[PDB]
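> Just dropping in an experimental structure and the matching sequence.
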Amino acid sequence: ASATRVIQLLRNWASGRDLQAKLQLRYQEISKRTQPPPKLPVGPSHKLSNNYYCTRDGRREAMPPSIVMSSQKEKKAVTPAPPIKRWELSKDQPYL
Amino acid sequence: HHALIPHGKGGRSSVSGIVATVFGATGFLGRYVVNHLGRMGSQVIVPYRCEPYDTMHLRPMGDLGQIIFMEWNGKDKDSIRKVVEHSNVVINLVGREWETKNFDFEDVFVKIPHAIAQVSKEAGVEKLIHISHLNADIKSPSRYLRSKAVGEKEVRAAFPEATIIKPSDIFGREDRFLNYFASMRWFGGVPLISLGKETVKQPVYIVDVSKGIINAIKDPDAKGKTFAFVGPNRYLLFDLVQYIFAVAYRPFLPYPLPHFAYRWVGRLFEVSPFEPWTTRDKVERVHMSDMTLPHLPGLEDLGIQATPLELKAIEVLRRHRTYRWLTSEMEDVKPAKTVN
Amino acid sequence: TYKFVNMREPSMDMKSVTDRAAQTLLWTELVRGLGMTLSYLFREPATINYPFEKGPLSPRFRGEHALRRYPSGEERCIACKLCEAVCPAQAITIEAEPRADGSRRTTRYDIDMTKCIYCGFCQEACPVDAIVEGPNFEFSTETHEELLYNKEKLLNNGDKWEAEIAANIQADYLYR
Amino acid sequence: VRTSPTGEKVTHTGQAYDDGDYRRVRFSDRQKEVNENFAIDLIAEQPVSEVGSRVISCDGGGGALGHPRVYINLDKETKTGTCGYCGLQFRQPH
Amino acid sequence: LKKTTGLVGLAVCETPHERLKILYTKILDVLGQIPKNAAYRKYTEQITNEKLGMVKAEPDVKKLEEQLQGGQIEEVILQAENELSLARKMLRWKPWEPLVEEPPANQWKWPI
Amino acid sequence: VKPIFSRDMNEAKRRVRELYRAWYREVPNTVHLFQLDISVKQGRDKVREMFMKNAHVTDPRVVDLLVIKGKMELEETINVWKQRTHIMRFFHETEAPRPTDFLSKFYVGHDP
Amino acid sequence: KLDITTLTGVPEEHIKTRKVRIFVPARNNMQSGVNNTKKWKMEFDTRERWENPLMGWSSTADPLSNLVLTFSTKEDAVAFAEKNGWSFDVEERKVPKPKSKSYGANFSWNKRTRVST
Ligand SMILES: NC(=O)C1=CN([C@@H]2O[C@H](COP(=O)(O)OP(=O)(O)OC[C@H]3O[C@@H](n4cnc5c(N)ncnc54)[C@H](OP(=O)(O)O)[C@@H]3O)[C@@H](O)[C@H]2O)C=CC1
Ligand code: SF4
């Protein structure tokens, strides 16, 4: 910024931080508005051979739901899934 | 010249086909007439003289494009021409209860109506509606009433088939007649010439008058017919004012007005460097019973039935109702005495 | 995986107790907040001097729709109605007839800027880059009717803003 | 841009309010927005390109900035081939 | 003894093993009244017996929590109470009975 | 068929009677609180008309459902959840009369 | 005798004065696909459409102008119409009659089916 040294010292002491290092206002550090022309890459399906849509047709591979039980026509107890594992306290900062 | 086929269900978006130019649309009657035209989907070419801010309240009444606001000059006739050029119906509501400096009673009741009628005829306007009080007459003592009669004759002269409606006292939410009496309580006591014992009044409801105008526009037979709008019942001035003060629940302080004794009060009102408290002609209107003109057709001829004042008085005068009735709900009041 | 906010126990030693008693009695934390506000007072304000200074915008900005022309001057739109189909708010009404030259052109192209949501569709759908939301954003009107654009209004907007619109498209046409 | 008998500026679509029509009132103290540039005149003014191949391709210029590429047949000597999108005209020499 | 369970509204149980034993025994007693061939009875008995065996075998709260994989042991006792209530209502509902009614012809056909 | 609240038409009629009672006694309070300009008799006449609108119903479940809706509307009116606009919506004041004779319909528009 | 008319909230004019058409939509003759002809459709009667004065857009006052419903079978559509108290007209499904196609017939020795080209 354009602040005088005295004002910088005062604002930094009031903050308790060095505000000059990280300034909310943006200066020349921002990217240039005009940029060199881009050339975006093509995807996996841009091939001239072995690219039949039948192989990569996602939608046509969906199927109607499978019917596990239908009313209209020992065994171990089971759960919807294995029980969730307990989370572990973060190493970087366990307590804020 | 400009014939439009009606389309739609008569709603806000429907095309009624009545392209109209409501002069004095910003007025108490205009506020309702425009509303009805818009709800029918009638294109209303509103001529204004004031700031657009004042005309802003008319904007919501019509759909997009239905309401066109164009400034017009009261004296200049080219403004009248441009505002009636593409109109099949023109309604004349240019009345000033008091007399202004620039515009006198004659200016607004003879020259302006006659100019409008003449220019409407030049443009080819199919139907014209003119408004003049039933009391207004070529011999009526009130100058404004006399000017209204002269303008009525001139309007008939310029527009032979114009439907000149002749309404009685009009009351409504933004009335100047009922509200006048309600505010007389502020003015010391209740001034009552002859205690209002010689002034029978027949007030018509504003909505009834507006719908009457609209139906007259719609009905073919209305052309070249001097309609007269009369109230459902006739009341003595004392009775009406008493009922007003009852529904308002304001302390009735009726002191009669001796001509000479209260003439000094009227002179003081005139002495004011501003207008003589809405002129003395308004007080003359108060000092006059409604004329009974049964020969002229009435509301029922158009099919609209006049709504009784008693039912609509509560709505009109609840605004003047204060903590006087808010804190003390008590009960309601009784209908005014009907001199019929 | 998870972190405990709060869940901290204050020390009970006499020094810590004295410090916390000082904070309560001497309003230390309030003074810290006050100092923060003071520092922000001495920092440079972020206000830009509108209208003399304008906020940054990118070439892909979506503003007032503008029908464009070919360099020859012929109007680009070819009455495909693809824009009307994708329009998520049905703000585009298109009518077409074969014109005298025999080309497929639009007799009516109305964009109701009161129903449009400025989604950016149509600009990405039109096969001929006809309707292209221009850079203009300050086109407020005093009446509702002014915002119901017509084909003449859209073409006038395109003619007015073509210098900027062509440059913005040139900037962004490779990303599309 | 021709002017109608009422004095209105007729549009490139040919739209003009008739003297009987009441909708002309909307321009009483305002203006009717008409684009002076007419597409048909400008597309007419463009010179007809002469190409020596039976089939030619018009992209409208600018490559991806124009219109979808179409191939135009120019065998007919009587009539010039016209681009469906661009509207430019081409014909074989002689 | 943990200071807090960590979840508000859940308090540390001073005697977790005894509470769990009592709750599991009450669950088994309620399940006894359920008919023998009811699937609910069989599965709940299996789970309850496994839990009770683990509870009796392990004397350490942390090890028991690791073995049960039911979260903190207070959550386990809450879950046991919930199971007790479910079983008590199941006795009234009798879900083991056959289906009340077959659905209409195409009540579950999609697309229509 | 499972009954909503009444197993027979008579019981539904009893519920209708209760709802009518409640609306009837509520009407003057509505007029006073909402500062409506209608008379109490006018409102009660509208109530009667609304109740007779559903009279043709000949199924107990439909009657019960209508009663539920009536109760909800009455609760709204008893509270100030409904505004003066909502209360007056019953009185189609703004809407112009729609003629019902054939000749008037033929004149006005193409509608059947 | 199910009647939901009171509960639907539809105003009486559209309940009484509207005729609903129950049909299987015919194939768009421009295309040979038939997938759009496999489900019954319920469509209301057409009403007046007029031009808006301002822009010329088609304005309507019929709330059910765009309402169309899909039903698997004719009976389901009929039941829905009856429960809603709408007068209904049912158009029977039109199926393409079986045709006899022979590529050999294009080269008949004596019959007229021989193709010139
Ligand atoms: N009791 C009643 O209301 C009765 C009414 N009438 C007549 O009904 C008509 C309308 O009544 P109402 O609406 O209540 O009256 P208002 O006085 O409330 O409004 C009359 C209108 O006249 C316009 N006006 C007045 N003088 C001029 C002028 N010099 N130039 C342009 N415009 C002018 C006003 O516009 P602006 O406000 O901008 O000046 C206003 O819109 C009037 O002609 C009145 O005399 C007759 C009998 C009874
Ligand atoms: S940006 Fe507006 S006009 Fe364009 S497609 Fe989206 S909604 Fe329609």
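Looks like it arrived, so ask away. Numbering: from 1, shown residues only, chains lettered A, B, ... in the order given. Ligands and ions are numbered 1, 2, ... in the order given.
> Next up, the contacts around the residue of chain G found nearest chain E.
Of all residues in chain G, the one sitting closest to chain E is residue G:72 (5.3 Å; CB to the nearest CB). Yep, even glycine has a C-beta here, placed from its N, CA and C like the rest. Listed by CB atoms under 8 Å, 6 or more residues apart in numbering or on different chains, the contact partners of residue G:72 are E:106, E:109, E:112, G:39-40.
> Show me the helices in chain E, by range?
Assigned by DSSP state H, the helices in chain E fall at E:16-33, E:39-57, E:61-68, E:73-93.
> ditto for chain A
Using DSSP H, helices in chain A cover A:5-15.
> Kindly report the same for chain D.
D:39-45.
> same question, chain G
Taking DSSP H as the test, the helices found in chain G are G:5-8, G:12-17, G:74-84.
> so which of those comes closest to residue F:79?
Within those, the stretch nearest residue F:79 is helix G:5-8; the backing value is 23.6 Å (CB to CB).
> I'd like the distance between the residue of chain G closest to chain E and residue G:84.
17 Å (CB to CB, to the nearest Å).
> Next: residue G:42.
For residue G:42, the distance to residue G:84 - CB to CB - is 10 Å.
> Would you mind telling me which of those two has more residues around it?
residue G:42 (22 against 18; other CB atoms under 10 Å in any protein chain shown).
> Just give the nearest non-adjacent residue to the more buried one, would you?
Spatial nearest neighbour of residue G:42, chain neighbours left out: residue G:69 (4.2 Å); criterion: CB to CB, 6 or more residues apart in numbering or on different chains.
> One more: residue D:75?
Nearest non-adjacent residue to residue D:75 (CB to CB, 6+ apart): residue D:54, at 5.9 Å.
> So which residue is dead centre in chain F?
The centre of chain F sits closest to residue F:50, judged by CA atoms, centre = their mean, with a distance of 3.3 Å.
> Quick check: the gap between that residue and residue B:107.
From residue F:50 to residue B:107 the distance is 55 Å (CB to CB).
> returning to that earlier point: let me see the contact set for the residue nearest to residue D:75.
Contact analysis of residue D:54 by CB under 8 Å, 6+ apart lists D:73-75, D:92.
> so what's the residue of chain A found nearest chain B closest to, chain neighbours aside?
Closest residue of chain A to chain B, CB to the nearest CB: residue A:33 (40.4 Å). Residue nearest to residue A:33 in three dimensions, not counting chain neighbours: residue C:56, with 7.8 Å by CB to CB, 6+ apart.
> Please apply the same query to residue B:302.
residue B:215 (4.3 Å).
> just checking, that neighbour touches residue B:300?
No. Using CB atoms under 8 Å, residue B:215 makes no contact with residue B:300, being 11.1 Å away.
> Now do the strands in chain A.
Secondary structure of chain A (DSSP state E): no strands present.
> what's the answer for chain C, then?
Going by DSSP E, chain C shows strands at C:92-98, C:104-111.
> most tightly surrounded among those strands?
Highest mean neighbour count of the strands of chain C: strand C:104-111, a mean of 21 (counted as mean count of other CB atoms under 10 Å in any protein chain shown).
> so what secondary structure elements neighbour it?
strand C:92-98, helix C:151-172 (3 or more CB pairs under 8 Å, 6 or more residues apart in numbering or on different chains; DSSP states H and E).
> which residues touch it?
C:65, C:67, C:75, C:77-79, C:91-99, C:131, C:148-151, C:154, D:13, D:39, D:84, G:55-57.
> Next: stretch B:119-128.
Counting by CB under 8 Å, 6+ apart, residues outside stretch B:119-128 touching it are B:1-2, B:77, B:80-81, B:84-85, B:87-92, B:117, B:155, B:158-159, B:161-163, B:217, B:222-223.
> And those residues, which of them are buried?
B:2, B:80, B:84-85, B:87-92, B:117, B:155, B:158-159, B:162-163, B:217, B:222-223 (16 or more other CB atoms under 10 Å in any protein chain shown).
> Inside helices: which ones of these?
B:80, B:84, B:117, B:155, B:158, B:217.
> Any buried residues in stretch B:115-123, and which?
Quick answer for stretch B:115-123 (16+ other CB under 10 Å): B:115-121, B:123.
> Is ligand 1 within reach of it?
No. If you take CB under 6 Å from any ligand atom as the test, stretch B:115-123 misses ligand 1, and the best it gets is 10.2 Å.
> for that stretch, the distance to its chain's centre please.
The chain centroid and the centroid of stretch B:115-123 are separated by 22 Å, computed with CA atoms, centre = their mean, to the nearest Å.
> Enumerate the residues of chain G near chain E.
For chain G, the residues in contact with chain E (CB under 8 Å from any CB of the partner chain) are G:39, G:70-72.
> Can you tell me the element residue B:211 falls in?
helix B:206-218 (DSSP states H and E).
> List the buried residues of that helix.
In helix B:206-218, counting by 16+ other CB under 10 Å, buried: B:206-217.
> Stretch B:313-325 now?
In stretch B:313-325, counting by 16+ other CB under 10 Å, buried: B:313-318, B:320-321, B:325.
> burial count for the closest residue to residue F:53 other than its chain neighbours?
The shortest distance from residue F:53 to any residue other than its chain neighbours is 7.6 Å, reached at residue G:6 (CB to CB, 6+ apart). Each residue near residue G:6 was counted by other CB under 10 Å, and the total is 20.
> wait, doesn't residue G:6 sit right on residue F:57?
Yes. Counting by CB under 8 Å, residue F:57 is a contact partner of residue G:6 at 6.0 Å.
> what do these two both touch?
In contact with both residue G:6 and residue F:57: residue F:66, using CB under 8 Å, 6+ apart.
> could the buried residues of stretch B:313-325 be laid out in a markdown table, adding secondary structure and distance to residue B:134?
What follows is these, written out as a markdown table (DSSP: H, G, I helix; E, B strand; the rest coil; distance: CB to CB, whole Å):
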| residue | secondary structure | distance to residue B:134 |
| --- | --- | --- |
| B:313 | helix | 21 |
| B:314 | helix | 26 |
| B:315 | helix | 24 |
| B:316 | helix | 20 |
| B:317 | helix | 23 |
| B:318 | coil | 28 |
| B:320 | coil | 26 |
| B:321 | coil | 30 |
| B:325 | helix | 33 |
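> Would you format these as JSON lines with distance to chain F included?
Conversion of the buried residues of stretch B:313-325 to JSON lines gives the following (distance: CB to the nearest CB, whole Å):
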{"residue": "B:313", "distance to chain F": "10"}
{"residue": "B:314", "distance to chain F": "6"}
{"residue": "B:315", "distance to chain F": "5"}
{"residue": "B:316", "distance to chain F": "10"}
{"residue": "B:317", "distance to chain F": "11"}
{"residue": "B:318", "distance to chain F": "7"}
{"residue": "B:320", "distance to chain F": "14"}
{"residue": "B:321", "distance to chain F": "10"}
{"residue": "B:325", "distance to chain F": "11"}
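> mind checking which of the helices of chain E is nearest residue C:163?
Per CB to CB, nearest to residue C:163 of the helices of chain E: helix E:73-93, 68.5 Å.
> Check which residues of the closest one are buried.
Those buried within helix E:73-93 under the rule 16+ other CB under 10 Å are E:73-78, E:80, E:83-84, E:87, E:90.
> for stretch G:69-88, same thing?
By neighbour count on 16+ other CB under 10 Å, the buried set for stretch G:69-88 is G:69, G:71, G:74, G:76-78, G:80-81, G:84-86, G:88.
> circling back: quick check: which of the contacts of stretch B:119-128 are also close to chain D?
B:1-2, B:85, B:87-88.
> Next up, the contacts around the spatially closest residue to residue B:148 that is not a sequence neighbour.
Leaving aside its sequence neighbours, residue B:148 sits nearest to residue B:136 (CB to CB, 6+ apart; 3.8 Å). Contacts here follow CB under 8 Å, 6+ apart; on that basis residue B:136 touches B:142, B:144-146, B:148-149, B:152, B:166.
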